[PDB]
RNA sequence: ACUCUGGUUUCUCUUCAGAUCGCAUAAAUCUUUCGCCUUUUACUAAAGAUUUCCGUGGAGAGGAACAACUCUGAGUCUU
Ligand SMILES: O=P(O)(O)O[C@H]1[C@@H](OP(=O)(O)O)[C@@H](OP(=O)(O)O)[C@@H](OP(=O)(O)O)[C@@H](OP(=O)(O)O)[C@H]1OP(=O)(O)O
């Protein structure tokens, strides 16, 4: 019952703010719903052929699609009343959920392009030699030596960060049986695949 | 200083925006100039020529259409020479013109029924329907037919090209039928024969 | 089938005014 | 230095310079170094190589320009200063230098001034251009003009700069633009016999926000009520100036005795006890007025039995009879009525009479087209003051100066102005550019809306 | 057929019964 | 509900809910009848509607 | 609170920094963490990022910073010394490069931000170059370290490998831009910081050594701060750091003593939060109550990392000792910024930043109020002292010593130093600091040299704000009702003031034109123009691109031009320049201020130009950095040099303006060489005036250009996209649809995301930022910036080409379609005539 | 490591609600704008403004249950 979406960049023009924009513009995202116009403005639809919007002065290379006028509702269109903005391109979280039941939690799985460390050019930095004016106390150590680098509940905990809204809470209030839309995140998806 | 001569420029909004006369700067200035020249001739006390109740249509290098409602017939004259290709006859409300000196199809007059005539006919049907307290069905339908052929024999070819007029005609005929059916019985029937 | 009048908008593809009236 | 002489002096066109537009660059939208071409009359960004003014000079071959800040002329294509004896006249148009003697020798002036276009006129009697629904603005500006106490404070630029302007002061532009416009219209020598308030309505709409928008015809009374208040408030920064140049001219002290709860819902005994309670009686409500309001009798609403559709003519003294202890008006509001009687205790040097023509009914706003018969050069107001104050004033006689007449419905109006040229007696009618010396009877025949007086 | 459709779209832009 | 109970004939607005539920069905079914499930009356995901 | 002013008075404990970085790299969150460190009452929400410096609403809704925000804050150091920090967190979007430059002129330090999982990106590639060109100390802070652990789950060794790969790539890339060889960045040296803004993690090697010293004790954190980064290791038996491996499965010191503890602590606070969390907080001295342990994972992680590391001392000591103070950095800033340099009296007066010396503060921003009426200028007081109510003199950008008319004497109304949302009113601001001056908005557009009246007689102005990109996209603006046109003029002026590279312009056809960098930039500027300044309705034309005019071959005939008097006669030839010569002009490689010998050797060696002309080159295209060139090539026997030198100025004046306009249409002329083959000047200075030569100059330039085969040059945006490998084809298909072509597709090391670098025509790139994300369902993302200009396919001057109204034309028609509509947009004639 | 520290759960009453009261979402009435328009009762589908409905948070008060097992900050935090 849970889509495996980590970020919301998949909801680029299917956010509810974009739908508010589409409603206030009497325009429809191809996957989005249709609405009655906020204001009829039929006369304003029938704007005359001026020297501003003259065709012969306009260069058409790629048509100005509806989603263009929705992404930038103050540039590609006129009269943007009761319009909302959304460009929340959150840095697309690069999360690789584990599939191996047996694996180090911090593993360099092949889904990551190798760093390919090199030493061709002698790009040296200030470095010491052996037994060069320094000595470490016997007491001092890395902070956490006894505790393991990763426990068994480390992969599950990390994979739980990017869980959907209900499953990223350690604790929370109780909701009614009525108020839990199980398939809410289904029609909110971009489209049905064919 | 503000190019403010276009804010109140009347235009035939029914036609498509390409067919509608285009408001270029030079053309709007010329139209307002010509109207002012005409208006200044007549004394303001003898009579007056109001701009808002007037229409000026200009044909120039920028506008290929000449628009005017002569006697209720909104006509758009479009020369063949300027902007035309493969002229036809499949539309019945499009007058072919003729250059009498040369006998060649050189223009094209698109006909249409203006908003005033459509509104007048709709109001006539309305006042037929509301004036039916005791009038017989035959009287109502006789008034309806008389009103219908009052304009249809008048507006003949324009009715074909005025889709909204056709919709209004069908709507008003359905209103007449509904009035008669309600006159028969209160509860409207599911079907009702045309016979 | 119903007695309601259908608008002949879009019904004029193959007809003329002077046809069937000579 | 070839600066002084120029081979392009004659190319200047004096009838094309219309200095009533916004002094901002046309090409690149800037106010800095606003330089104006004299050949054709366009605005530019300033001097310098490859500059907009320089580009225009080397493109149109227009050589001699004008600086709107230093008021020093230049030849941009070679970019050197220009000095000429005749050219000085142009500098007198945009910035008229009214030295104190010209103010002192202007109420005694009876010579018609000369305009470059030939359109003769008298200073002060100048048509304000109606760009867009500026009839009310032109009317109030002209009526505020011809006020010598206000006339002698704005013809010199060195009168209102010294005032303190707080950091948040955003209304001094109103005062300075009013002064500059007044200098433009009071100019004895200008190219055009008219003047455009284009630079003034912008300050009006900036200070008053979208209110009094030039799109729709504004209300005269609602206008000057805010206008005089704004002039009073602008003069003085972070310092209570109860008396400024406009306060000691139009403002007058006024006494009001107000009784409340005369409502008929109260029985006779309860109202008798209420007035016996000593809580609801005439009260000390002395305050100030910027202008006296005049309330007219309602329209007859019926044809006269003998002469149908008789024009309602009411003497002015009947209206002014409101301002005495004899009469009291019931300004009923909300639940309980308020019976107020008015009184005058300090006559201002100039008395303003606003007239309540336009009023809203229960459903729709109408106008009260009641004509008033009012004199123009002899009126006595001594009966409207208490004797313990009447002794102070030895001058209670007022002479009309400006009159406002409105046309038609509120939504379709066209203001007209009757101005008196002091020194002479020529009453001139100005609507947009109209000039006509009317007789002292057409002032009485028309229905007045705003009147300006002078106690002498 | 994409070209004709997109040009047509450009021209568009710049110019009782209980049924369940 | 509309087929089983004729309540929509007594309040028209109910059609919304009616259509709403049917739409929900379609949403769940196309997600239910996937792969080797096939088509049939074997869905009991009633909490959606 | 008054200690703020006391430290304000000093000029050596002050730092001027910019946290410049790529789009969405945590800069705003970093400043938010600093605010949360300083102000206790300001607490960030559990889930929603507070975004303290994002003060305007449009960036609060779009989620992207748009305008730089000043932050004045007192930060303790590692040793506990307070420092006053001026922070200019520039917007990260490459289309918002305006504010990066606007905040970089008034700052001495550059603190870079790089996403740990993203590496070096497009933006940073230009900020390192820009900061080096502006002569600022550059420091890197790899932000979002958490991504290498909580998202990538890399092994700690591979985490160090990623960190060193992104650290040395900065060093490797910057070696092209930086001439000096002291600019090598490395965390052991102290240039590089590591931080996760969301979880408040921040450290330099010195700071972490301070933590260990704090815990164990008797540790010198400097020596141990060294010997941490590198390939050296730690021997648990000999307690010495060795280059060689002490064991077979050895581990680098940094990973062993820094990255591994971070891994363990954050894994313990995200895994086994209920069993082994108290054990790992007892071992670290972090004591927490019951109620602060019942929060969610993200707030708990942030709280625990705040408790463990503590205050942001690592960033502070990273900044203090690696960027110069204003008293130290003033000399390079002045010699690169002041027009006269340090040599002039005022120039030498700046090398010491005397608080009591001459005041010539420099303002480079306009932060409007909440009503939008008045504009509060923002600037750095490079020297002198300013006071409230002081009568000051504001200069301009065209103000010189000869042109004393471009200035105004104003009154500084109030003074306050601003930290994001709230401002602190101060009566006096000393030198070397920042300030919002009030009441100086009227005589300024963009930059200004606000100086003393009648006290700085020979003082010049600061150099114009040079940018990295170019304003390319062009949109028309009109009011809906022309009856309120003046309401829109002031709004256009206001947006021109509040946007450094915005270029308003009125053209002959009465058209208002706004120039911008990208789609989002124009969206923001028009939102400001509508809902903020003008509060009226505005019609916008669909975006169009400015073009350029060039040549490819010499003219068939030596077309000339004569004055109307038929006395002077100038003959000129237009020919293309050498490939790459145009770039070597716009990059300030050669100037007109050069002496003749140096330019002659330059053109003799690099461009093998003959010395007979190499010492006869007058001007460099329009303005000073113009890519065109004027060449004197008349033989001395036919053209008298003494007679030539009189019109030597006027010809350039008609040329520097001749190439600006362009004969085909009102567009720049680029990559053209003008050879003069014959000059017949009037023997007397009477009839050879500028009013006759300059029209003749422009006419001969236009005639040579037209007779030479002309071409249009369209600007190509350089687009990088980052998408997972499954969407690389989804980028190829989109870019092939808009005449684009891909240059590279390099996977980012240490991350599955790729980086596809391509070129796309700017006129063909409208909506591509949305045409890509929607096609890839939001996984891909693109950024665009102008790169170069290319000859538009086809001949712009062919009459057989027919322009259909509303459908795209093929490539050969483009050069004809683009200009003609442009000409129609310019209001000019339909075609071009030889008379022009 | 000495101290005092001292409950949570449950059922009600009374108010205040800023906030996604609610990570959910209905109905009614009224005023406009359409659609239909044949009259109510249903509608139409958007806007605005209301009300009831299913719920909620906080604070206080009053009982009951673990009211007495605890427990927490404070402290001089006593080899
Ligand atoms: O018309 P729908 O509502 O979509 O449903 C009908 C059908 O019966 P109903 O018309 O009475 O629903 C079944 O739907 P259910 O009876 O199962 O609700 C069937 O579904 P199964 O194949 O799962 O039995 C199938 O619905 P769908 O197309 O959603 O699978 C079918 O639809 P059509 O008759 O429209 O093809």
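Numbering, chain D: per Swiss-Prot, residues 100-555 in sequence.
The deposited model was determined using electron microscopy, 3.7 Å.
Backbone N, Cα and C define each Cβ position, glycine as well.
Among the features that Swiss-Prot reports, Zn(2+) binding site is placed at D:136, D:139, D:155, D:161, with the record citing sequence analysis. Non-local contacts of residue D:139 (Zn(2+) binding site) by the CB criterion (under 8 A, 6+ apart in sequence, same chain) comprise D:112, D:115, D:159, D:161.
Look at Swiss-Prot and you will find D:225-555 tagged as domain 'USP'.
Among the features that Swiss-Prot reports, zinc finger is placed at D:103-200, with the record citing sequence analysis.
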Cβ atoms near residue D:161 (Zn(2+) binding site) (within 10 Å, other residues, all chains): 22
Chain-internal residues, separated by at least six, CB under 8 A from residue D:136 (Zn(2+) binding site): D:143, D:152, D:155, D:156, D:159, D:161, D:164, D:165
Any further residue of that chain within 8 Å (Cβ to the Cβ centroid of D:136, D:139, D:155, D:161) of the recorded Zn(2+) site: D:137, D:138, D:140, D:141, D:143, D:156, D:159, D:164
Packing count at residue D:155 (Zn(2+) binding site) (other Cβ atoms within 10 Å of its Cβ): 22
DSSP-derived helix, strand and coil totals, residue by residue, for the zinc finger (D:103-200): 18 helix, 15 strand, 65 coil
